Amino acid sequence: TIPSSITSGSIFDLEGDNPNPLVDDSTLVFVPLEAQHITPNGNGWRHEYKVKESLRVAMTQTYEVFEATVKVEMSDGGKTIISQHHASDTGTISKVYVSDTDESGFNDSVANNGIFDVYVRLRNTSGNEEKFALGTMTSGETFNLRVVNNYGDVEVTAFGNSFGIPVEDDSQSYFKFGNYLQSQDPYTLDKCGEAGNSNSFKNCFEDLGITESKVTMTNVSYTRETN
C-alpha cells in the first residue's frame, strides 16, 4: 500500500488536487493534462507530490530513498519530469526525465518517434549539470525507479542502471515526484508558453499534439532521515 507519508500528507503536500492521484490504497495516477497545475516560474503542467516546506533542510543534511514501480503513458514528442530535487531558490539539483526529443547524448535522441529516453540531470558541486541516459521505453511500458539522496550524494537507478554524483548543496532542499509535463518543443527544445499563465500551456500542449500523459506509480516507498 501507498505509505502514510503520502496518503495523509505527513511528508508530502499534494500538488494538483483535482483529481487526487490516490485512486486506491495501492496506486497513484498522475494526470497533469487534467490537474493543469503550475509553478509560479515553470513551463508546463504538473501532478505531483512535494516535501512540505516545514520539513526541509540542506541536501547534505538529508538521507532519503524514494522507490516506485512506474508506468508511463505519453504522447509522442512528450517530455516529463517524474522526480526531482530543488533548492530553496527554486534551482534544479536533480531531475529524472522521460522524453521523446532530439536532445543529443541519449540512447535514442530521436524527436517524436515514440521511443522515450529516460535520463537524469544532476547538478555537480561546481554548479554544472551532468546528464546520463538510464534507458529507453515506449508508452505503456513500466520500469522500477530508485532515487537516493545520501546526504548530498545523489544516485538514480532505472532499468537496473545507476548513475550518481555528489551535488551542489543548498539550505532548504526538497524532493518531488509524479508527472511534471514540460511545455517544450521536442525538436528545437525551446520552452513554450509563459510562466505563471496556465492557459498558455493549454495551447502549447494542444499544438504539440500532447493530449496523453499518465504516470502510474505502485509499490511506492519513501525513507527519510535528517542529521
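Residue indices: 1-based, along the sequence shown.
Judged by mean Cα B factor in the deposited record, 192 to 200 ranks above the other of 192 to 200 and 178 to 186. Two stretches are in play, 143 to 151 and 98 to 106, and the higher mean C-alpha B-factor belongs to 98 to 106. Highest CA B-factor among the listed residues (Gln36, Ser162, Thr69, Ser171): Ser171. Going by the entry's values, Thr92 shows the largest Cα B-factor out of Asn124, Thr92, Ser83, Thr157. In the deposited entry, the Cα temperature factor of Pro166 sits in the middle third of values across the chain's modelled residues.
In the deposited entry, the Cα temperature factor of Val29 sits in the bottom third of values across the chain's modelled residues. In this PDB entry, the Cα temperature factor of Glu206 sits in the top third of its chain's modelled residues, the highest group. In the deposited entry, the Cα temperature factor of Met137 places it in the middle third of its chain's modelled residues. Residue-level temperature factors show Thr226 in the highest third of its chain, judged at the C-alpha atom.
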